[PDB]
Amino acid sequence: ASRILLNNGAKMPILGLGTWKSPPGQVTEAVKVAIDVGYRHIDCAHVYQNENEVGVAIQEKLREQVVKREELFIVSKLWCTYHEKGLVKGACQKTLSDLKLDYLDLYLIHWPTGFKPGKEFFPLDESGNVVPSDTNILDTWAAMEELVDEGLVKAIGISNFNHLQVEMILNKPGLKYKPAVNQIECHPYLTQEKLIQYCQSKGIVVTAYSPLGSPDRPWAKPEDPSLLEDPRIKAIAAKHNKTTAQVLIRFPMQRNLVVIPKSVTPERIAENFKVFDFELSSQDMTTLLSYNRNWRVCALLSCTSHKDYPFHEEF
Ligand SMILES: NC(=O)c1ccc[n+]([C@@H]2O[C@H](COP(=O)([O-])OP(=O)(O)OC[C@H]3O[C@@H](n4cnc5c(N)ncnc54)[C@H](OP(=O)(O)O)[C@@H]3O)[C@@H](O)[C@H]2O)c1
Ligand SMILES: O=C(O)Cc1nn(Cc2nc3cc(C(F)(F)F)ccc3s2)c(=O)c2ccccc12
């Protein structure tokens, strides 16, 4: 199936378009091309500073009757400087206004760590450490629950929560809505078997981010592993007459994950969608799992002292 059933009763397309780092001047056309060639899920965030432009594309494709709003699955995320209870609705409403929507299909706590509120996304002290907010995930989660009860979002979820944090939500006293999704980094170099099985065992759908290893991440270095250039992955693609990127997108799909590759390149947007016509073998899958090396694209040094930093622990 091209959609997975969430625990709020709604279906979610297992392929979406990512938008982190998509330039504001190219992402409108990017999203337009993606809807044209079949994408029905867009992954967004206020912190990506491009939601206005993403929204232009969505609204034009609705106006043009290329798609109906019910057919779209639009995701956004609450940024760390808005974890305070009095800030969550407004933050969601800004995202909605920019996306030109009246509801989101899914809204995620973007990271478990709350940062000091302000105009700065990454407020730092004079030594470079991120400045925390004294908020905790449970009260943040309660705030998210209110968005559901106000009709602003159809589903709520979390992102970059480790096993212990997910379990803390599930065990929250007075828990009203379980998280629908946990969006986490996942690719052959960071395979996440434990976290994913934990989440799935609990009926929480996992979305895999940076499935191609984020070659355009701004902190990339020479000695870093490179998925798209891995000869072992290239050979598996070769065997299937597909591209390395296609193998890397199909890989999570077959683990019952949602995957959200980013591109602003029209030929690549289209290539990336052509992944429903082939299957990796079970041996291919285990072989790709074997390349795990616990390598993370996303884990900003400045945040590692936050009490709620998610990656000190195994998973
Ligand atoms: N929850 C969070 O914390 C979090 C964190 C990171 C990412 N995410 C989401 O996940 C999405 C995807 O992750 P990502 O942006 O880090 O990286 P990614 O999707 O792993 O990689 C994007 C990079 O791959 C290139 N690319 C795309 N398709 C390609 C293809 N077929 N062949 C060769 N190169 C290709 C893109 O180039 P062009 O664009 O130039 O074509 C871009 O440089 C994000 O955009 C965001 O929506 C969420
Ligand atoms: O956020 C995105 O979607 C992509 C993303 N990732 N990162 C690396 C990060 N690593 C983190 C670690 C924590 C931590 F929780 F671990 F403290 C909290 C927050 C972050 S941001 C960034 O620095 C970033 C900056 C602008 C826009 C998007 C991003």
Side-chain angles (χ1 to χ4, degrees), residues 1-6 11-21 34 37-43 73 75 159-160 181-201 204-217 220 224-263 265 267-299 315:
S2 69
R3 302 206 285 169
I4 185 161
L5 181 66
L6 307 177
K11 305 215 190 23
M12 177 166 189
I14 68 175
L15 191 44
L17 180 68
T19 60
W20 172 41
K21 309 173 258 63
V37 296
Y39 286 73
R40 296 285 175 276
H41 161 199
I42 320 292
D43 184 79
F73 198 104
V75 183
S159 191
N160 301 293
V181 168
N182 193 186
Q183 184 179 125
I184 63 175
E185 188 178 339
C186 189
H187 52 239
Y189 299 156
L190 188 71
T191 48
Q192 303 259 32
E193 285 90 327
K194 229 342 297 141
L195 183 52
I196 287 169
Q197 201 272 346
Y198 176 70
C199 284
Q200 299 187 146
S201 78
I204 300 169
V205 168
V206 174
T207 303
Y209 78 56
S210 307
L212 316 180
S214 202
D216 56 342
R217 62 196 188 285
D224 294 345
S226 165
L227 284 168
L228 284 166
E229 297 174 281
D230 188 318
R232 308 170 288 187
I233 309 180
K234 304 185 89 289
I236 289 162
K239 164 172 62 179
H240 289 278
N241 188 230
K242 288 289 205 166
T243 71
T244 291
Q246 280 170 329
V247 164
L248 290 166
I249 287 161
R250 182 86 192 172
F251 172 58
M253 294 172 58
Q254 282 189 219
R255 305 174 69 196
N256 298 121
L257 314 182
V258 174
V259 61
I260 54 179
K262 170 262 174 190
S263 178
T265 306
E267 44 267 50
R268 286 169 171 183
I269 297 171
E271 155 179 332
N272 287 359
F273 203 77
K274 288 176 197 138
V275 292
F276 293 97
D277 54 349
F278 82 103
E279 262 165 309
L280 295 163
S281 67
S282 67
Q283 179 174 188
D284 287 337
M285 296 289 302
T286 292
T287 298
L288 290 157
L289 293 171
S290 86
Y291 304 157
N292 181 56
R293 46 177 283 160
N294 303 305
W295 178 78
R296 281 175 193 287
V297 165
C298 280
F315 72 100

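What's counted below: heavy atoms across the whole structure, side chains too, no hydrogens, waters or symmetry copies. For the single chain, residues carry numbers from 1 onward in sequence order.
Atom CG of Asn272 and atom CD1 of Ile260 lie 12.5 Å apart (nearest 0.5 Å). Taking CZ of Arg232 as the reference point, atom CG of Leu227 lies at 9.5 Å (rounded to 0.5 Å). Between the CG atom of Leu212 and the CD1 atom of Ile249 there is a distance of 5.5 Å, given to the nearest 0.5 Å. Distance CZ/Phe278 to CD/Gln246: 6.0 Å, rounded to 0.5 Å. Taking CG from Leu195 and CG from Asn160, the interatomic distance works out to 10.0 Å, rounded to the nearest 0.5 Å. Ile184 contributes atom CD1, which lies 7.5 Å from atom CG of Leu257 (distance to the nearest 0.5 angstrom).
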Practice item. Please report the C-alpha distance between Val259 and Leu15 in whole Å, then the side-chain angles of each, then the deciding distance to 0.1 Å, and finally whether the side chain to side chain contact (heavy atoms under 4.5 Å, CB included) criterion is met. Key: CA-CA 5 Å; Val259 61; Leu15 191 44; 4.0 Å; yes
Practice item. Would you sort out whether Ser2 and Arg40 count as a side chain to side chain contact (heavy atoms under 4.5 Å, CB included), showing the intermediate values? Key: CA-CA 10 Å; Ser2 69; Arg40 296 285 175 276; over 6 Å; no
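Taking the ring centre of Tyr291 as origin, the terminal cationic atom of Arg293 falls outside the region bounded by 6.0 Å and 45° from the ring axis.
Applying the ring pair (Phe, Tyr, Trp, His ring centres under 6.0 Å) test to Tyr209 and every residue at least two apart in sequence or in another chain returns nothing. Partners of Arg296 according to the side-chain contact (heavy atoms from CB on, under 4.5 Å) rule, which considers only residues two or more places apart in sequence or in another chain, are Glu185, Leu190, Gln192, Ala299, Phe311.
Put simply, the side chain of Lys242 reaches to within 4.5 Å of the side chain of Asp277, judged on heavy atoms. For the pair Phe73/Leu6, a side-chain contact is recorded, criterion being any heavy-atom separation below 4.5 Å from C-beta on. Taking the side chain as every heavy atom from C-beta outward, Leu248 and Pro188 approach each other to under 4.5 Å. Under the 4.5 Å side-chain criterion, counting only non-hydrogen atoms from C-beta, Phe251 is not in contact with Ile233. Residues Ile269 and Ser263 form a side-chain contact, since some pair of their non-hydrogen atoms from C-beta on lies under 4.5 Å apart. Side-chain contact between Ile14 and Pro252 is absent, with no heavy-atom pair separated by less than 4.5 Å. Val258 has its side chain out of reach of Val181: every pair of non-hydrogen atoms, C-beta onward, lies at least 4.5 Å apart.
The aromatic rings of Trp295 and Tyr189 sit perpendicular to each other, their planes meeting at more than 60°, with 30° as the lower class boundary.
Side chain of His240 to main chain of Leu280: no donor-acceptor pair is present (N/O by atom type, distance under 3.5 Å, no hydrogens or angles). With hydrogens and angles disregarded, a donor-acceptor distance shorter than 3.5 Å links the side chain of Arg217 to the backbone of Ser214. Listed for the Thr19 side chain is a donor-acceptor partner under 3.5 Å among the backbone atoms of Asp43.
Judged purely by distance below 3.5 Å, without hydrogens or angles, the side chains of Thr191 and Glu193 pair a donor atom with an acceptor atom.
In terms of heavy atoms, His187 sits closest to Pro211 at CB-O, 3.8 Å. Across all non-hydrogen atoms, the minimal contact from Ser210 to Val297 is OG-CG1, 4.2 Å. Residues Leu228 and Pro215 come closest through the heavy atom pair CD1-CG, 3.9 Å. Considering every non-hydrogen atom in both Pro13 and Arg3, the closest pair reads CA-CG, 3.8 Å.
Among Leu289, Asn294, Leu288, the single residue meeting the side chain to side chain contact (heavy atoms under 4.5 Å, CB included) criterion with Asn292 is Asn294.
Atom NZ of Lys11 has 12 or fewer neighbouring heavy atoms from other residues, nucleotides or ligands inside a 6.0 Å radius. Surrounding CD of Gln283 are at most 12 heavy atoms belonging to other residues, nucleotides or ligands under 6.0 Å away.
Using a cut-off of 4.0 Å between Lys/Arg side-chain N and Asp/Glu carboxylate O, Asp284 and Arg250 are scored as not salt-bridged.
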